[PDB]
$ cat upload24.cif   # mmCIF, C-alpha atoms
data_upload
#
loop_
_atom_site.group_PDB
_atom_site.id
_atom_site.type_symbol
_atom_site.label_atom_id
_atom_site.label_comp_id
_atom_site.auth_asym_id
_atom_site.auth_seq_id
_atom_site.Cartn_x
_atom_site.Cartn_y
_atom_site.Cartn_z
ATOM 1 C CA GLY A 1 0.000 0.000 0.000
ATOM 2 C CA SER A 2 1.664 3.213 1.175
ATOM 3 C CA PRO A 3 3.695 2.646 4.340
ATOM 4 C CA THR A 4 4.978 5.986 5.624
ATOM 5 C CA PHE A 5 5.838 7.802 8.845
ATOM 6 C CA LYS A 6 3.173 9.535 10.958
ATOM 7 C CA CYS A 7 0.271 7.534 12.344
ATOM 8 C CA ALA A 8 -1.918 6.634 9.374
ATOM 9 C CA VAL A 9 -4.649 4.157 8.518
ATOM 10 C CA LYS A 10 -6.175 2.364 5.564
ATOM 11 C CA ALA A 11 -9.920 2.988 5.214
ATOM 12 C CA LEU A 12 -11.510 -0.421 4.937
ATOM 13 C CA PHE A 13 -14.983 0.959 4.296
ATOM 14 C CA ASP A 14 -16.168 3.596 1.805
ATOM 15 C CA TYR A 15 -17.310 7.088 2.777
ATOM 16 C CA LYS A 16 -19.078 9.845 0.887
ATOM 17 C CA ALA A 17 -18.458 13.405 2.065
ATOM 18 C CA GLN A 18 -15.663 14.605 -0.129
ATOM 19 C CA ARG A 19 -15.486 17.770 1.939
ATOM 20 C CA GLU A 20 -17.870 18.082 4.881
ATOM 21 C CA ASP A 21 -15.290 17.963 7.655
ATOM 22 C CA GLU A 22 -15.396 14.315 6.734
ATOM 23 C CA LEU A 23 -14.269 12.950 3.262
ATOM 24 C CA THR A 24 -15.579 10.561 0.648
ATOM 25 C CA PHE A 25 -12.380 8.715 0.977
ATOM 26 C CA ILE A 26 -12.807 5.213 -0.435
ATOM 27 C CA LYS A 27 -11.660 1.849 0.809
ATOM 28 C CA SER A 28 -7.892 1.824 0.595
ATOM 29 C CA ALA A 29 -7.588 5.521 1.319
ATOM 30 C CA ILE A 30 -4.619 6.409 3.499
ATOM 31 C CA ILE A 31 -4.878 9.248 6.010
ATOM 32 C CA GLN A 32 -2.001 10.734 8.098
ATOM 33 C CA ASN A 33 -1.699 12.156 11.609
ATOM 34 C CA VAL A 34 -4.560 10.331 13.167
ATOM 35 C CA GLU A 35 -6.149 10.149 16.619
ATOM 36 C CA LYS A 36 -9.672 9.049 17.650
ATOM 37 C CA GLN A 37 -11.538 11.913 19.272
ATOM 38 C CA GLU A 38 -13.968 11.710 22.215
ATOM 39 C CA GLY A 39 -16.773 9.958 20.320
ATOM 40 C CA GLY A 40 -15.095 7.420 18.059
ATOM 41 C CA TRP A 41 -14.114 9.701 15.174
ATOM 42 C CA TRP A 42 -10.686 10.134 13.686
ATOM 43 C CA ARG A 43 -8.787 13.167 12.335
ATOM 44 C CA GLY A 44 -5.955 13.479 9.761
ATOM 45 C CA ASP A 45 -5.288 14.904 6.268
ATOM 46 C CA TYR A 46 -6.592 13.231 3.087
ATOM 47 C CA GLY A 47 -6.169 15.062 -0.229
ATOM 48 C CA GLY A 48 -6.004 18.872 -0.375
ATOM 49 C CA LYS A 49 -7.664 18.943 3.050
ATOM 50 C CA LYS A 50 -6.057 18.790 6.473
ATOM 51 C CA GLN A 51 -7.488 16.930 9.461
ATOM 52 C CA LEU A 52 -11.094 16.222 8.561
ATOM 53 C CA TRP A 53 -13.033 13.277 10.062
ATOM 54 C CA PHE A 54 -13.383 9.560 9.632
ATOM 55 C CA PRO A 55 -15.384 7.010 11.687
ATOM 56 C CA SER A 56 -13.695 4.674 14.091
ATOM 57 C CA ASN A 57 -16.252 2.302 12.737
ATOM 58 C CA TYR A 58 -14.894 2.623 9.238
ATOM 59 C CA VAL A 59 -11.106 3.113 9.615
ATOM 60 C CA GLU A 60 -8.441 1.042 11.340
ATOM 61 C CA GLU A 61 -4.917 2.172 12.293
ATOM 62 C CA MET A 62 -3.041 -0.030 9.820
ATOM 63 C CA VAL A 63 -3.893 -3.622 10.654
ATOM 64 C CA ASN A 64 -0.635 -4.481 8.990
ATOM 65 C CA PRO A 65 2.536 -3.682 11.011
ATOM 66 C CA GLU A 66 5.978 -3.815 9.446
ATOM 67 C CA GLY A 67 7.409 -0.924 7.421
ATOM 68 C CA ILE A 68 10.460 -0.058 5.296
ATOM 69 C CA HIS A 69 12.433 3.191 5.025
ATOM 70 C CA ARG A 70 12.950 5.006 1.717
ATOM 71 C CA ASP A 71 16.165 6.927 1.091
#
$ encode --input "upload24.cif" --output "structure tokens"
Amino acid sequence: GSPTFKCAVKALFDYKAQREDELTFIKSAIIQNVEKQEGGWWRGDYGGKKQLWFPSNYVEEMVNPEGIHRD
């Protein structure tokens, strides 16, 4: 996928906001700088946006450990 620094995730479910403070990110989307907020909602940039929202019912903080370093 896209293993990179920062705490990211890999949307397993599909959303449909596109830009409502939440995004229409689709399954496989990768968001960065994440952290569930009092309610079960996550933040983090995805696209030209920066820290919108994604369910803790839809996303999952990378259920695949491991990771390599570029150059």
$ closest_residue --input "upload24.cif" --among "A:27, A:55, A:3, A:50" --to "residue A:69" --atoms "only C-alpha atoms"
A:3
$ residues_around --input "upload24.cif" --residues "residue A:5" --least-positions-apart "6" --cutoff "10 Å" --atoms "all atoms listed in the file" --output "PyMOL selection string"
chain A and resi 32-33+67-69
$ atom_distance --input "upload24.cif" --atom1 "atom CA of residue A:21" --atom2 "atom CA of residue A:44"
10.6 Å
$ atom_distance --input "upload24.cif" --atom1 "atom CA of residue A:11" --atom2 "atom CA of residue A:29"
5.2 Å
$ resolve_selection --input "upload24.cif" --expression "the PyMOL selection byres ((chain A and resi 43) around 6)" --output "PDB file with C-alpha atoms, in the coordinates of the input"
ATOM      1  CA  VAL A  34      -4.560  10.331  13.167  1.00  0.00           C
ATOM      2  CA  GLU A  35      -6.149  10.149  16.619  1.00  0.00           C
ATOM      3  CA  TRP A  42     -10.686  10.134  13.686  1.00  0.00           C
ATOM      4  CA  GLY A  44      -5.955  13.479   9.761  1.00  0.00           C
ATOM      5  CA  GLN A  51      -7.488  16.930   9.461  1.00  0.00           C
ATOM      6  CA  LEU A  52     -11.094  16.222   8.561  1.00  0.00           C
ATOM      7  CA  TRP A  53     -13.033  13.277  10.062  1.00  0.00           C
TER       8      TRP A  53
END
$ atom_distance --input "upload24.cif" --atom1 "atom CA of residue A:36" --atom2 "atom CA of residue A:17"
18.4 Å
$ closest_residue --input "upload24.cif" --among "A:2, A:37, A:57, A:64" --to "residue A:14" --atoms "all atoms listed in the file"
A:57
$ decode --input "upload24.cif" --residues "stretch 15-38 of chain A" --atoms "N, CA, C and O atoms" --output "mmCIF file, in the first residue's frame"
data_model
loop_
_atom_site.group_PDB
_atom_site.id
_atom_site.type_symbol
_atom_site.label_atom_id
_atom_site.label_comp_id
_atom_site.auth_asym_id
_atom_site.auth_seq_id
_atom_site.Cartn_x
_atom_site.Cartn_y
_atom_site.Cartn_z
ATOM 1 N N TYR A 15 -16.564 5.916 2.241
ATOM 2 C CA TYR A 15 -17.310 7.088 2.777
ATOM 3 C C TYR A 15 -17.769 7.980 1.632
ATOM 4 O O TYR A 15 -17.372 7.792 0.500
ATOM 5 N N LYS A 16 -18.594 8.931 1.948
ATOM 6 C CA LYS A 16 -19.078 9.845 0.887
ATOM 7 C C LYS A 16 -19.370 11.254 1.403
ATOM 8 O O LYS A 16 -20.504 11.622 1.634
ATOM 9 N N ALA A 17 -18.314 12.006 1.577
ATOM 10 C CA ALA A 17 -18.458 13.405 2.065
ATOM 11 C C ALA A 17 -17.765 14.296 1.078
ATOM 12 O O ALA A 17 -18.290 15.288 0.618
ATOM 13 N N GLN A 18 -16.557 13.885 0.825
ATOM 14 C CA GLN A 18 -15.663 14.605 -0.129
ATOM 15 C C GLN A 18 -15.105 15.864 0.512
ATOM 16 O O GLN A 18 -13.953 16.198 0.333
ATOM 17 N N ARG A 19 -15.933 16.522 1.266
ATOM 18 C CA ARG A 19 -15.486 17.770 1.939
ATOM 19 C C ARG A 19 -16.594 18.286 2.841
ATOM 20 O O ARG A 19 -17.238 19.266 2.526
ATOM 21 N N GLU A 20 -16.791 17.625 3.952
ATOM 22 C CA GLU A 20 -17.870 18.082 4.881
ATOM 23 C C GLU A 20 -17.342 18.184 6.298
ATOM 24 O O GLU A 20 -18.059 18.532 7.205
ATOM 25 N N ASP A 21 -16.065 17.949 6.385
ATOM 26 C CA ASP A 21 -15.290 17.963 7.655
ATOM 27 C C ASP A 21 -14.922 16.496 7.790
ATOM 28 O O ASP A 21 -14.167 16.068 8.631
ATOM 29 N N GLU A 22 -15.539 15.779 6.883
ATOM 30 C CA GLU A 22 -15.396 14.315 6.734
ATOM 31 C C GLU A 22 -15.084 14.153 5.226
ATOM 32 O O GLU A 22 -15.292 15.108 4.506
ATOM 33 N N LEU A 23 -14.550 13.039 4.756
ATOM 34 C CA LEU A 23 -14.269 12.950 3.262
ATOM 35 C C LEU A 23 -14.894 11.713 2.649
ATOM 36 O O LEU A 23 -15.211 10.774 3.342
ATOM 37 N N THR A 24 -14.985 11.718 1.345
ATOM 38 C CA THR A 24 -15.579 10.561 0.648
ATOM 39 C C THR A 24 -14.502 9.570 0.361
ATOM 40 O O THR A 24 -14.581 8.796 -0.573
ATOM 41 N N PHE A 25 -13.495 9.641 1.165
ATOM 42 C CA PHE A 25 -12.380 8.715 0.977
ATOM 43 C C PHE A 25 -12.944 7.317 0.739
ATOM 44 O O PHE A 25 -13.920 6.934 1.353
ATOM 45 N N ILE A 26 -12.320 6.586 -0.132
ATOM 46 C CA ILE A 26 -12.807 5.213 -0.435
ATOM 47 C C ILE A 26 -11.936 4.140 0.196
ATOM 48 O O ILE A 26 -10.839 4.406 0.642
ATOM 49 N N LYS A 27 -12.444 2.937 0.215
ATOM 50 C CA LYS A 27 -11.660 1.849 0.809
ATOM 51 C C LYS A 27 -10.311 1.772 0.136
ATOM 52 O O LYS A 27 -10.216 1.660 -1.068
ATOM 53 N N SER A 28 -9.332 1.870 0.980
ATOM 54 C CA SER A 28 -7.892 1.824 0.595
ATOM 55 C C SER A 28 -7.270 3.199 0.783
ATOM 56 O O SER A 28 -6.075 3.374 0.639
ATOM 57 N N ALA A 29 -8.100 4.149 1.110
ATOM 58 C CA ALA A 29 -7.588 5.521 1.319
ATOM 59 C C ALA A 29 -6.619 5.527 2.487
ATOM 60 O O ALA A 29 -6.808 4.799 3.440
ATOM 61 N N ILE A 30 -5.607 6.347 2.400
ATOM 62 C CA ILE A 30 -4.619 6.409 3.499
ATOM 63 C C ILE A 30 -4.582 7.820 4.078
ATOM 64 O O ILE A 30 -4.290 8.770 3.379
ATOM 65 N N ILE A 31 -4.876 7.921 5.342
ATOM 66 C CA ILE A 31 -4.878 9.248 6.010
ATOM 67 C C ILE A 31 -3.674 9.362 6.958
ATOM 68 O O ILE A 31 -3.206 8.360 7.453
ATOM 69 N N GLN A 32 -3.183 10.572 7.184
ATOM 70 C CA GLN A 32 -2.001 10.734 8.098
ATOM 71 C C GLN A 32 -2.344 11.505 9.367
ATOM 72 O O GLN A 32 -3.376 12.141 9.451
ATOM 73 N N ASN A 33 -1.452 11.437 10.331
ATOM 74 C CA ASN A 33 -1.699 12.156 11.609
ATOM 75 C C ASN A 33 -3.109 11.840 12.011
ATOM 76 O O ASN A 33 -4.035 12.558 11.687
ATOM 77 N N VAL A 34 -3.229 10.761 12.718
ATOM 78 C CA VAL A 34 -4.560 10.331 13.167
ATOM 79 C C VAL A 34 -4.687 10.154 14.677
ATOM 80 O O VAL A 34 -3.718 9.893 15.363
ATOM 81 N N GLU A 35 -5.905 10.297 15.157
ATOM 82 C CA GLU A 35 -6.149 10.149 16.619
ATOM 83 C C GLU A 35 -7.649 10.221 16.957
ATOM 84 O O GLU A 35 -8.253 11.275 16.903
ATOM 85 N N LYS A 36 -8.215 9.092 17.296
ATOM 86 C CA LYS A 36 -9.672 9.049 17.650
ATOM 87 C C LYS A 36 -9.998 10.166 18.631
ATOM 88 O O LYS A 36 -9.256 10.415 19.563
ATOM 89 N N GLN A 37 -11.107 10.803 18.395
ATOM 90 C CA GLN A 37 -11.538 11.913 19.272
ATOM 91 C C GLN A 37 -12.763 11.507 20.097
ATOM 92 O O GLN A 37 -13.602 10.758 19.640
ATOM 93 N N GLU A 38 -12.830 12.024 21.295
ATOM 94 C CA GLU A 38 -13.968 11.710 22.215
ATOM 95 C C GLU A 38 -15.303 11.458 21.505
ATOM 96 O O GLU A 38 -16.133 12.342 21.419
#
